[PDB]
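Participant: give me the fold of what follows.
(chains A and B)
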2 protein chains.
Amino acid sequence: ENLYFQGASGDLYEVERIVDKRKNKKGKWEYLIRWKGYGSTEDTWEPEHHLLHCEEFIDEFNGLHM
Amino acid sequence: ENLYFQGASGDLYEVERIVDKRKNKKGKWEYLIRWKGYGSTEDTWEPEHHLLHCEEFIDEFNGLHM
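Facilitator: Residues are numbered from 1 along each chain as shown, chains lettered A, B, ... in the order given. Shown next is the protein structure:
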């Protein structure tokens, strides 16, 4: 899904996959993240607001029709 | 995906998930299967022709229109 996590530095960290999902005790969604280059021992629960999906850029004024 | 593997007995075995996919040396597709109730140590490469998707049955003559 070309998923990236925005870390404390603002730098993006590549996500291998989402392992699981839960609602936390504050009522907010978290995902259990498999980090690229790591195994299940390093999987961590992360807030959804920091998980990004990056797609190729598409220019507002791209192509034939607007 | 409600996936099931049809085993040597003809009995269906529940698949937790598909871990990976490859074309084998005979030219046929295989999937690396995570078996329900098992861990990655028991993952095995299985032929696609034995992997089933089971959905609720829908009767040819169900509902209002044909």
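
Participant: near residue A:28, how many other residues are there?
Facilitator: 11 (other C-beta atoms under 10 Å in any protein chain shown). Quick note: C-beta positions are derived from backbone N, CA and C, even for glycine.

Participant: apart from its neighbours in sequence, what residue is nearest the residue positioned nearest the centre of chain A?
Facilitator: In chain A, the residue lying closest to the centroid (C-alpha atoms, centre = their mean) is residue A:51, at 2.9 Å. With C-beta to C-beta, 6 or more residues apart in numbering or on different chains as the criterion, residue A:51 has its nearest non-adjacent residue at 5.7 Å, and that residue is residue A:5.

Participant: coming back round to it: ok, so what distance separates the residue nearest to the centre of chain A from residue B:60?
Facilitator: Between residue A:51 and residue B:60 the computed distance is 43 Å (C-beta to C-beta, to the nearest Å).

Participant: in its sheet, what does the top strand by length along chain A sit against?
Facilitator: Secondary structure of chain A read by DSSP state E shows that its longest strand is strand A:12-23. Using DSSP bridges, strand A:12-23 pairs in its sheet with strand A:3-6 (antiparallel), strand A:29-35 (antiparallel).

Participant: using PDB, write down the CA coordinates of it.
Facilitator: The C-alpha trace of strand A:12-23 is given here as PDB (Å, rounded to 0.1, in the frame of the first residue of the first chain):
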ATOM      1  CA  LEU A  12       9.200   9.000   7.000                       C
ATOM      2  CA  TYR A  13       9.800   5.300   7.900                       C
ATOM      3  CA  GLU A  14       8.700   2.600   5.500                       C
ATOM      4  CA  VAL A  15       6.100   0.200   6.800                       C
ATOM      5  CA  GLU A  16       6.300  -3.500   5.600                       C
ATOM      6  CA  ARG A  17       2.700  -4.100   6.600                       C
ATOM      7  CA  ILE A  18      -0.100  -3.600   9.100                       C
ATOM      8  CA  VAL A  19      -0.300  -6.600  11.300                       C
ATOM      9  CA  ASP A  20      -3.400  -5.700  13.400                       C
ATOM     10  CA  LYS A  21      -5.600  -2.800  14.400                       C
ATOM     11  CA  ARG A  22      -7.200  -1.800  17.700                       C
ATOM     12  CA  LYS A  23      -9.100   1.000  19.400                       C
END
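
Participant: please consider this matter closed, and thank you.
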